[PDB]
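Peer 1: Protein chains in written order, with the entry's author numbering: chain B, 8 to 197, 200 to 224, 228 to 329, 331 to 342, 350 to 747, 761 to 921, 944 to 966; chain B', 8 to 197, 200 to 224, 228 to 329, 331 to 342, 350 to 747, 761 to 921, 944 to 966. A prime marks a further copy of an entry chain.
Positions of the beta carbon are idealized from the N, C-alpha and C atoms, including for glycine.
There are 2 protein chains.
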Amino acid sequence: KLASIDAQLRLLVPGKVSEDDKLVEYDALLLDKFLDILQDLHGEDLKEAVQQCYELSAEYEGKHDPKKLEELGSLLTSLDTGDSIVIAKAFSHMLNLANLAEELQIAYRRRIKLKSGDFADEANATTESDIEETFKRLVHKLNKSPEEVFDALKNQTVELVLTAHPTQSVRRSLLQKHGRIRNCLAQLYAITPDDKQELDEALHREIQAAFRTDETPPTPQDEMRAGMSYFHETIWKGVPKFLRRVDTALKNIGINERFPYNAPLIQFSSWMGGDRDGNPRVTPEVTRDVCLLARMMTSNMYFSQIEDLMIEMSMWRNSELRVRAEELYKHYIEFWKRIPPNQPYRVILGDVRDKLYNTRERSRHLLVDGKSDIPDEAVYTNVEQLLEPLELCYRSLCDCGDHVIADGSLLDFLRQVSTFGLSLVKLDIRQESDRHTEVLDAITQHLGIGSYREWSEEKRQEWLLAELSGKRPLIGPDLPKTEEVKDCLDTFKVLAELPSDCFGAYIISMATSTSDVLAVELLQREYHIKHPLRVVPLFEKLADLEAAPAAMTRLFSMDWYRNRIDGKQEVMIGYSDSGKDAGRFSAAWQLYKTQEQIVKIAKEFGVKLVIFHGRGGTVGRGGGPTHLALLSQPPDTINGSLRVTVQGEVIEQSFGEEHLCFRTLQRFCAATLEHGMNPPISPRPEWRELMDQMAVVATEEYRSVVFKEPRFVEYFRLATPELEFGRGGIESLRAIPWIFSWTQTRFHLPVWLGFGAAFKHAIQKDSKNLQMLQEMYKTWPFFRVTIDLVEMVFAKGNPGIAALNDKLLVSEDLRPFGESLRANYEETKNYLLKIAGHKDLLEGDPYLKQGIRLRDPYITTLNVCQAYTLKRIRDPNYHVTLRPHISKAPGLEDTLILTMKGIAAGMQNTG
Amino acid sequence: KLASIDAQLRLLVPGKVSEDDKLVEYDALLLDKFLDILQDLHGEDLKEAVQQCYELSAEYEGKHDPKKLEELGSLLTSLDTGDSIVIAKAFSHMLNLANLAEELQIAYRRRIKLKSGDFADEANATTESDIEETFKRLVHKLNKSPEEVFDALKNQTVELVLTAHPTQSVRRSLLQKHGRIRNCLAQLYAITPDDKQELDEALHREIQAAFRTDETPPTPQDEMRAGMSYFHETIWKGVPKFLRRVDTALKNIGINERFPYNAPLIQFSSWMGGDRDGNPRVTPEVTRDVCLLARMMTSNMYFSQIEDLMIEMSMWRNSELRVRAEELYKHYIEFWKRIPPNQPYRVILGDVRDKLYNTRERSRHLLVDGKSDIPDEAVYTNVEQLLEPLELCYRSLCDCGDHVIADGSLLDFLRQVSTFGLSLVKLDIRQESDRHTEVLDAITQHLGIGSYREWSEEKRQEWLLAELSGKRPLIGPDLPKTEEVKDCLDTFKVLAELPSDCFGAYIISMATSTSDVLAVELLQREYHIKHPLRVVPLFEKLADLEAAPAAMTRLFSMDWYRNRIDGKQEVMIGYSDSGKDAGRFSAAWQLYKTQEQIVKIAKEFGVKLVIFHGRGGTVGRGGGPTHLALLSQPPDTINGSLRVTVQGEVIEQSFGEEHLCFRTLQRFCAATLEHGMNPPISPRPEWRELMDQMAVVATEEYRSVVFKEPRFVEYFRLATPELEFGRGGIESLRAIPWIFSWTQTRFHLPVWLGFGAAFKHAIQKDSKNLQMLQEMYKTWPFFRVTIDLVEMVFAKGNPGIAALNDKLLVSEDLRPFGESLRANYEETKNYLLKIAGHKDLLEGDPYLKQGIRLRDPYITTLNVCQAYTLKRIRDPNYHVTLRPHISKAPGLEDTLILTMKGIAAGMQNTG
Ligand SMILES: N[C@@H](CC(=O)O)C(=O)O
Ligand SMILES: N[C@@H](CC(=O)O)C(=O)O
């Protein structure tokens, strides 16, 4: 029955049916209910068709018989456009279901009571240290006093920077539906029979509601609002829950005070409407809009919880607040008459409410009108104005003997205010160096002094330092401006006009020089920005990384810059970007080294350095693995301040479920604290040498395939949906489409290519290297974590899918090239297994393996569907006999979009 | 430790420590945490003082040594005014804590799986039938088809009429705190150690927050708002949860449809601001105000959940709604931009939102301004206008294939709308017959036609029928009006002007005649009320009850009245009122008979009769007992329409906790349905005869003590805090103060007096009567339920408290009178025990016994405190040596108020 579907699913994932392992059951239950829904909505035949795709696809994943893939192919090419959309919709939705189930399983999986203490424990959610356990290791194993631990945490800073979903920001409505499905599932395993019957019917109903929210592309403004949804869903509440647990952990190590409510321990930021790199749709107007939206939403969140705080704050008992209440003494849900003065905390909070309302309304009018007449004194323009009256309530309760009450909801609110400020996320701006060069070259030519672009690096620096202390402005009204130059100058206009608490960093993409950084500083001074954004270079190519040290050295040598920077500098690294240039192995090692070198240079100059981790690192995986990934960082690269990218495709895993949200915040904080007092071992010299030797080879293999093979590009454009995803060659292609196109094929070339040659050569040069590599794997956190990510990527790989795409889409003369990349994949995988000490992929993480494995049949169905869809899109003369319509003006591009989104939702993070 | 307090509490309530019996543990935990709070806030010495009062009081309740009561007395009279308030505050708060604990215990107590099927099962929450089990008994035992059962429920009507708390409407803020204490307690027995530590600290904090919400009397408007709080807390959500369970129960008996969303199964009403009987503070203005408030709140509740429904209703798929959406196509929390038309359900619900807002705002302006310019078309003036667009969404989802989605939140909302309408509660007006007589006598004299008051009953009727068809109005501008006559006429003005959906019944207090009812009908016609309120007589004294039949017969004989009444009449009975006149036994029996007789008369005339149950009956107990109480009603007295008083002092028990709320709604519905198809046995003729004989004697004893003893009044005024509760003789005293004054003394004279003589005489006249009475107890639901309520009242009794009040407050020459009432109490109790077949009070309901028993020590402490406080208030020359202040311009009246409220909160319902 349900028993039958359960049995089916267990053939792919068998063995240890323990008591907290319910994942297969959850999946069975959801799939069962969804198959009924499909029958009701679309008819028995369609249900049977979906069931048959699933079955065929399961059998192919079980035994890997390519006849099975071909059968599923036949079935799928025969479907008319309409049936084909329903099938793609069905399997995408099954994926979202399996992901909700898996989150529930990770949320309730049992922790290991006794931990071995090896660093490997920190790779796994069930064994990793929580905040208390981290405190205790630091006190007992590293001989820190509890006070020292407390003091470091007080000064610590963790900043999570949210980026756009590369394929599909899940809309607010749907995400809530996903939440309720998950909750109904949870509650079903808590239970009276009638409750079960009712929950059962409520589950059924929510699965359907989700499926039928299934309606061209979205505005960046809307993409921003969709990306902010997780605040409401979890983070908003989660921050105070986690800070409260810090309090408890501090108490359990002998610290008899709460973690101060205004320690800036957690900060969130955003690139959404800020990053315009290679993206001219992100205009100045978009930037202004998302700043106002962030401000609107934050005030609105405070406003919509302040009435609850006012109810709870009924107390009648200090003179400081008494006085304020007396001074102060309509269209709202709760306190719509004047508050009486015998309710003093409500008089204060009543004023805070009104002010919050006015702050929210100004932003709304600024947004939809263009201006508002609402004045500064009616509104909060700075976060201290909002804290102040809340601190007053806190103190008044303490002075009147009610400390204990103060530390309830009021303390929660104080923390939310301190963490989220007036703008939930501070926005980073990002733009590429060449755009700044263009802007300056327009200025220099118009001024008649030559062409900045033609100038040497020394000349650029000399001219920029002279104009950074210039007495005249640079830009006259008659400066002629291309659209691109205007768009870049008007971005600074927007920075000059919006409050500084809207913004974080100005990241320079494709940075290579001292002058790139100075260029942006000059444009900010020219716009007279009261509080210039800090300037952060992103060095992308290997060569750029190699030139970064000399570039920072020079910046830090310049009096004007040192004085401006005030002891602090941030530098950004992008793992996926560097891996596109050099292969992932060589980018990993180079990035390790570069960070060492820049840390040393910072120290020498008495500058505190923050490394901002862009996408594609081990640290962006989420979950347990992020925890060891953080502790693997080179010594002193964190030093009390973490700034990391939370990748769009991981946001749901990290923050969709309340427990996972809590644990994400916890491991980021725990890991940051620990690393500064307990660095991973530094590598043995033999390891460096071998890693250098392996980098040279890995880069040679990767580059010879990706850049020197004259037909690589052509192979890429056929074997991969890259071109269709649009809706020079590889050097010019951006990192996201690179990773994505190969992830859609289940092949992942960008992640593993180069590791094969590195290993083969090392082991062939000297047999003893195998053992050295294995020791590196057991003992060197950096190496372990590097290998693990790639191992996780191979578990999501299926060379049979790549083969099928070759048969359908690649011309015959390219097929053997494809075949040879598949042999490289196999050989690379096997070398990685031998180094990891494993027979099977992920035998060190069987819960992850199970999760990925349950997804495969669904993903595979979408892959097969996609492959034929691309055949049809690409070739209007390919046709087959379509079956008479099975279901009860929408095209092939629509089916492909569903396919791409479904695969990406099942593939989640890779490289 | 905590172990120590647990042991202490178990000495009063020992034995069967089973697994779902946690009440003592809960109490221990709360008391433990509260004792710490007291130490922190007021010092160790005060904590020790509270502990010692508790101990002394526990020992007195254990062994009943009167030396122990005297010690507690000494301690308590020695306390200065300030210490004395803290102690009274502490013990009142302990009571509220024990009540929250007890609710949690009743919420989670385990149901008996197998029920014996005796009607006694329905007295007890653990054994009573739920709605499904009621359905099944009707189908299988009474041979009803499931369709017949379904049809009766569809036509069934249950109306719960909320009345003011007689002592203290708990304010909205505090009630929420009580809720969170209870929740934190629940969650503590669900659990990771850190969660427990956090819940532990959250419990601690909420206990304190409650204790320090401890701030002259309240406006009826405010009393009304406080009495409405339970809607927000439970009832609002509870109605749809219960209707959904009806759906499930129907499905489980083979009915394949949901209970229709607009079946008026549940209705709530209110007397708050409506009842002005003996209460001139309840003015026309108050009535207008609470109608507008009810309207304001209801719109506000719909408004504040409509945004959630709009989020969830994302669906894009019927032409009827499509069309409406197109036609329709800012300052809010969620949808503050214009809704797009590809979101059709949101366009519709967006309009409903705006309309709800405007409906809420009109009422607010009408209330605080006096008028609004906001027009009828901007606002809902009738419930169908609000349903209509919701029915449209429901139909559109069904027509587009989404039946299952429609039956989620949308169906819930539809039910809330159908149940609560535009005014959460419909308001009853009540005023006494003599006020109408006065108003008419003013009219007749001014008209020069004589004095209505002087006229006979026949003349009154003749004149009223002639003027009910009169062609001129009665009231000219120059009619002279006392303040009372004006207040009564202006009430009808308010009825003429407010929408009819604000109101329910016009109850006439002290009704005796046909003409009393006609009088009110004439005043309503004179005010041209479009939809006159139905006129409902409340016959109070025995003699009035005896004259009621001839009065209804005459009304039902009059063409004008029959035509006006349109086949329907409601009559009200007041158990506490009739018991004040005749003693509770004789009022119970007479009320049984009168209801029989009026049912017969209704039938004869083809009038459907509703009996409205005023306060003081078995049916007002709440909990399990209410369930048998309902099924005990005389045959055909319910007949598909129940209308009962939910007494203010029981509201918290019935609706404060969500499970209890659900079960209250369930038993009212289950019991009503069943009774109409399965009447209790009718009494054997020997039983009637004996009951008549016992009534004559019970009334003679009660009346000879209460009305003929010349010094009774004087004894009452000293032994009881009656006079102080103010802030002819007994005939003139209202029922609430009568019950209350004796409940404050733990003596309860009004409930049991008369039962002693009834039993003694019956058993002495003929020994065989003992056995007849016992059979009546085992077999006759009416008798059983009658005896049970009195048995529950004796469990709350303590003649030692009455004795102490006598020593302190009654003069020596009255003390033996007091002593003789105590001998009557003892003898009456023992007779009741013998008839019930019990050795101890409540051995048939040990869970109730435990609950009442845990409260006693607290109540006793307050009693002792009260007794000396009254001594001090009454006698400014009584003094004792006060102890130096123990704690770290407030008087004796304040301590007494705390005392009275505390005792009433522990005594809950009695007579
Ligand atoms: N985020 C997981 C992978 C996944 O669940 O797709 C990991 O990196 O281990
Ligand atoms: N309401 C309960 C009495 C109580 O708990 O005070 C009953 O009537 O049985």
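State the Cα-Cα distance for the pair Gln46 (chain B) and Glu340 (chain B'), rounded to the nearest angstrom.
Peer 2: So the two alpha carbons sit approximately 35 Å from each other.
Peer 1: Using the rule of at least 16 other Cβ atoms within 10 Å of the residue's Cβ for burial, across every protein chain shown, is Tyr273 (chain B) buried or exposed?
Peer 2: So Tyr273 (chain B) counts as buried.
Peer 1: Hey, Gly603 (chain B') and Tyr722 (chain B'): beta-carbon distance below 9 Å or not?
Peer 2: It is a contact, given that the beta carbons lie within the stated cut-off.
Peer 1: Should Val388 (chain B) be flagged as near chain B', meaning a C-beta pair shorter than 9 Å?
Peer 2: yes
Peer 1: I think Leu387 (chain B) touches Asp301 (chain B), with their Cβ atoms under 8 Å apart; what is that distance to the nearest whole Å?
Peer 2: 6 Å
Peer 1: For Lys956 (chain B') and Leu895 (chain B'), what's the separation of their Cα atoms in angstroms?
Peer 2: Looking at the two C-alpha atoms, the distance is approximately 10 Å.
Peer 1: Looking at C-alpha atoms only, which residue of B':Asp371, B':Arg415 and B':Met313 is the closest neighbour of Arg329 (chain B')?
Peer 2: B':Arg415
Peer 1: Which one or two residues does DSSP pair with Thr665 (chain B) in a beta bridge?
Peer 2: DSSP, once it has assigned bridges, lists B:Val168 as partnering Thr665 (chain B).
Peer 1: To test your reading of the DSSP string, which unbroken alpha helix (DSSP H) runs of 4 or more residues are found completely within the region 674-698 of chain B'?
Peer 2: 678-697
Peer 1: Can you give, in chain order, each stretch of the beta strand (DSSP E) that sits fully within the region 441-470 of chain B and has at least 3 residues?
Peer 2: 446-452
Peer 1: Considering only residues of the same chain and omitting the five flanking positions on each side of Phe254 (chain B), which have a CB-CB separation below 7 Å?
Peer 2: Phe682, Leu685 and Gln686
Peer 1: Give the residues of chain B' in contact with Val57 (chain B), contact being defined as C-beta atoms less than 7 Å apart.
Peer 2: Within 7 Å Cβ-Cβ: nothing; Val57 (chain B) doesn't reach chain B', min ~17 Å.
Peer 1: Among B':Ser136, B':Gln112 and B':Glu109, which residue has its Cα nearest to the Cα of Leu121 (chain B')?
Peer 2: B':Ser136
Peer 1: Would a check of beta-carbon distances place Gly428 (chain B') closer than 9 Å to chain B?
Peer 2: yes
Peer 1: Quick one, which residues of the region 408-438 of chain B are near chain B' if we go by CB-CB under 8 Å, in chain order?
Peer 2: The residues in question are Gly421, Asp422, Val424, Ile425, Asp427 and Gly428.
Peer 1: Looking at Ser438 (chain B): is its Cβ nearer than 9 Å to the Cβ of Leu407 (chain B)?
Peer 2: yes
Peer 1: Does the Cβ of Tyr911 (chain B) have 16 or more other Cβ atoms within 10 Å, making it buried, or fewer, making it exposed?
Peer 2: With fewer than 16 other Cβ atoms within 10 Å, it is exposed.
Peer 1: Looking only at DSSP bridge pairs, what is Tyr526 (chain B) linked to?
Peer 2: B:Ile449 and B:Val555
Peer 1: Do you know how far the Cα of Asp510 (chain B) is from the Cα of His185 (chain B)?
Peer 2: 40 Å
Peer 1: Rounded to a whole number of angstroms, what is the C-alpha to C-alpha distance between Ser453 (chain B) and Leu865 (chain B)?
Peer 2: 38 Å
Peer 1: Opposite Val627 (chain B') in the DSSP bridges: which residues?
Peer 2: BP columns for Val627 (chain B') are empty, so no partner.
Peer 1: Anyone know if the C-beta pair for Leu48 (chain B) and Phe315 (chain B) falls short of 9 Å?
Peer 2: no
Peer 1: Report the residue ranges of all alpha helix (DSSP H) runs contained in full by the region 763-836 of chain B'; include only those spanning at least 4 residues, in chain order.
Peer 2: Contiguous alpha helix (DSSP H) elements confined to the region 763-836 of chain B' occur at 768-776, 782-785, 788-798, 801-812 and 814-828, taking only those with 4 or more residues.
Peer 1: Who pairs with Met592 (chain B) in a beta bridge, going by DSSP?
Peer 2: B:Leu558 and B:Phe632
Peer 1: Using a Cβ-Cβ cut-off of 8 Å (strictly less than) and excluding sequence neighbours within five positions of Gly851 (chain B), which residues of its own chain qualify?
Peer 2: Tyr735, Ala739, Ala835, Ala836, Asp839 and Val843
Peer 1: When you check each C-beta in the region 156-171 of chain B against every C-beta of chain B', which residues fall closer than 7 Å?
Peer 2: none
Peer 1: In chain B', which residues lie less than 9 Å from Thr222 (chain B) when you measure between Cβ atoms?
Peer 2: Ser326, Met327 and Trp328
Peer 1: Name the residues in the region 586-609 of chain B' whose C-beta lies less than 9 Å from a C-beta of chain B; which are they?
Peer 2: none
Peer 1: I want to know whether the region 819-830 of chain B touches the region 73-93 of chain B - three or more CB-CB distances under 8 Å.
Peer 2: The region 819-830 of chain B makes no contact with the region 73-93 of chain B: fewer than 3 CB pairs, one atom from each, lie closer than 8 Å.
Peer 1: Could you check what DSSP says for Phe243 (chain B) in three-state terms: helix, strand or coil?
Peer 2: helix
Peer 1: Taking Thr260 (chain B) and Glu207 (chain B') to be in contact with their CB atoms under 8 Å, please state how far apart those CB atoms are, rounded to whole angstroms.
Peer 2: 6 Å
Peer 1: Considering only the alpha carbon of each residue, which of B:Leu565, B:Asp579 and B:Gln797 lies closest to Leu538 (chain B)?
Peer 2: When only C-alpha atoms are compared, the closest one is B:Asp579.
Peer 1: In the structure shown, what three-state DSSP assignment does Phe126 (chain B') receive?
Peer 2: helix
Peer 1: With 9 Å set as the bound, which would you pick, yes or no: does the beta-carbon of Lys122 (chain B) sit closer than that to a beta-carbon of chain B'?
Peer 2: no
Peer 1: Mind checking who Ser282 (chain B) pairs with in its DSSP beta bridge?
Peer 2: B:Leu169 and B:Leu447
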